[PDB]
Structures are given as C-alpha cells and as structure tokens.
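Structural overview
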Amino acid sequence: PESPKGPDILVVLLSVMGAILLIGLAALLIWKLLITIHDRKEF
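Residues numbered from 1 in each chain as written, not as in the entry; some residues may be left out. Heavy atoms only, no water.

This deposited entry lists solution NMR as its structure determination method.

1. Thoughts on the environment of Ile-30
As a reminder of what qualifies: A run of DSSP states H or I qualifies as a helix once it reaches four residues; a run of E qualifies as a strand once it reaches two. Both are numbered from the N-terminal end. Note on classification: 1.4 Å probe, protein chains only; a residue is buried when its accessible area is under 20% of the maximum for its type, exposed when over 50%, partly exposed between these limits.
Relative to the assigned elements, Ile-30 resides in helix 1 (residues 9-36). Residue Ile-30 is classed as exposed on the basis of its relative accessible area of 51%. With 27 residues separating them in the primary sequence, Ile-30 and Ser-3 have C-alpha atoms 43 Å apart.

2. Remarks on a nonpolar patch on the surface
Inclusion rule: Patch membership requires more than 30% relative accessible area and the absence of a salt bridge. Residues of like charge join within 9 Å; the nonpolar side chains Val, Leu, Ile, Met, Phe, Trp and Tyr join within 5 Å. The Shrake-Rupley method, run with a 1.4 Å probe sphere, supplies the accessible areas, and residue values consider only the shown protein chains as cover. For salt bridges, the criterion is a side-chain nitrogen of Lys or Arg within 4 Å of an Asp or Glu carboxyl oxygen.
Taken together, the side chains of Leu-28, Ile-30, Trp-31, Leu-33, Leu-34, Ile-35 and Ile-37 define a hydrophobic patch exposed on the protein surface, amounting to about 770 Å² of accessible area. Within the element layout of this structure, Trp-31 appears in helix 1.

3. A closer look at the UniProt feature "transmembrane region" in the protein chain
As a reminder, the rule being used: UniProt positions are given in the numbering used here, feature names are shortened, and annotations may be inferred rather than shown by experiment.
Feature annotation in UniProt assigns "transmembrane region" to the following positions: residues 9-31. Measuring from the first to the last C-alpha atom of residues 9-31 gives 33 Å, for a span that is 100% helix and 0% strand.

And the structure:
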C-alpha cells in the first residue's frame with residue numbers, strides 16, 4: 001500500500017516467464033531423451 005512494490009510487477013511476471021520456460025525445456029528434453037536413448041520400435 002505505502003509500498004505495494006511487494007513484487008515489482010516485473011518480478012511476478014519475470015518469475016512467471018522463467019517458470020514456464022524452464023518447464024518447457026524439461027518437456028523437450030524428455031521428448032528428446034525418449035528418442036535419443038532410442039524411442040522404441042514404437043513403429
């Protein structure tokens with residue numbers, strides 16, 4: 001209120017952006033892990 005800086009709107013947003021991006025990397029990596037370790041004869 002006197003300082004609703006609390007989280008610079010930038011910080012919430014900055015955290016949101018990082019959080020989503022970090023998850024995305026993990027998502028891609030397993031995808032690639034599936035295929036690089038050699039997905040499978042899924043065929």
